[PDB]
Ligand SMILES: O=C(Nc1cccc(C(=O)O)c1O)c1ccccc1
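Below you'll find only one chain, the form solved without this ligand, shown as structure tokens.
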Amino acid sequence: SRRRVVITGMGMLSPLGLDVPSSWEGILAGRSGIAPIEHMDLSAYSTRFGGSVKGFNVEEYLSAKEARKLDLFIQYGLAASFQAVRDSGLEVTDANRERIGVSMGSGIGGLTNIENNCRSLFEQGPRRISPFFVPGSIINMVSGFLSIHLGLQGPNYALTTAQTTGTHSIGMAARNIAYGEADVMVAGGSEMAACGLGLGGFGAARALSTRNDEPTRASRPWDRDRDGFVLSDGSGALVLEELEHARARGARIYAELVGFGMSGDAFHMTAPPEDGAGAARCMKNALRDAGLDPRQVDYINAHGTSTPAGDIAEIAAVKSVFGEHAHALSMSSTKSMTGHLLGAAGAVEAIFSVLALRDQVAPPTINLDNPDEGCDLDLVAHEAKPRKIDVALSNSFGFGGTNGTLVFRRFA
């Protein structure tokens, strides 16, 4: 009844690479992108490391002058978006531009821009605030600037669901296409919260790993010595496309997006319920949306943020949804390597789930030296595992109990 939705283009900035192939090579190699932060004085901070984008040149995408108008999170979102559109080979024309939209989100948006303009405001007064402060800092300006640059006149919006943003953005973009509002959507997320406010904010909540002595070992999902998440920056974008449209132009199809689930925990502002009941409802919703039996799932890209409560809740949710099959599927947290890109986490992890299908390899959970009590599933400890993957699930859970699941399948 609804139209089928396929992935024809992907783009990324991550702590592992300035594009998808370099990032994916890092993932399959078990490489960490976590390092002491260099771009700011963290002397007063209990966490002094994170996943930075290393060597990003915005001038490959924008003039210096246009880039100066935009927070880093918008620059990162545009870079991933331009990559994804180029990767798709899509030609935007007068005939189709009304059928091509964009939904690129962020969890936290323009903290670095706000910090910089704050400094000017407090030291000199409001006369020193940039004229571009508002349009250069608001979360919908990845969608806005991408649409202006490429001439996209389809649905133009942005989601902000904290750490679930990238997953929800991709899922709702798939709905736009499936139910006929667009033929193509650029969807995903971007984040740059490695500023005083980001590290300070999460630090004040005591939510961050403080393993400053061994940053590459800090992100250790399901390991008994985990002590909170690692803050990371970057972006992921997918070109989502109606199947008939993709086939008509001879698009290379990476995978099909067959399922999208949402749920609210309705439990706590930041903490998940012990049994992951909302995450379980969300995964079941995604599987029902895809018309799939739980036993058809081969690979789960976990939320797996390396928090004591979250990692255990996620094991409980998977055990509830999949029963005995929980022991047959493979589940890994690529955040073991990338850290937590917050709003961009679901976008880069959708891409890793699609590449898991393409290459038939489950990425590793690195740092899983001593699995905690009840963490007895195949969590792909230490090393990439070649295996059969017909169906891959990507999970994101966020503040406010907001849950999202995407289900991808090999394209037949």
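Definition used throughout: the rigid core is the maximal C-alpha set that superposes within 1.5 Å between two forms. Numbers follow the displayed sequence, beginning with 1.
Rigid core superposition in 4 other deposited structures of this protein puts the Cα atoms of one stretch, out of 123 to 131 and 81 to 89, farther from the shown form on average, and that stretch is 123 to 131.
Mean CA B-factor, 39 to 47 versus 363 to 371: the higher value falls on 39 to 47. Higher average CA B factor: 378 to 386, of the stretches 378 to 386 and 342 to 350. Of the candidates 160, 81, 176, 296, the deposited coordinates give 296 the top C-alpha B factor. In this entry, the residue among 276, 101, 89, 171 with the greatest C-alpha B factor is 276.
The PDB entry assigns residue 267 a C-alpha temperature factor belonging to the highest third of its chain's modelled residues. Per the deposited record, the Cα B-factor of residue 191 falls in the lowest third when ranked against the other modelled residues of its chain. Sort the chain's modelled residues by C-alpha temperature factor and residue 124 lands in the highest third, per the entry.
Among the modelled residues of its chain, residue 328 has a C-alpha B-factor that falls in the highest third according to the deposited record. Residue 214: CA B factor in the highest third of modelled residues in this chain (values from the PDB entry).
Below, we turn to the form solved in complex with this ligand, even though it does not appear here.
Out of the listed residues 150, 121, 253, 328, 150 is the one that sits within 4.5 Å of this ligand in the deposited complex by at least one heavy atom.
For the residues 287, 218, 85, 72, the 4.5 Å heavy atom test against this ligand in the deposited complex is passed only by 85.
Only one of 43 to 51, 374 to 382, 56 to 64, 349 to 357 places residue heavy atoms within 4.5 angstroms of this ligand in the deposited complex, namely 56 to 64.
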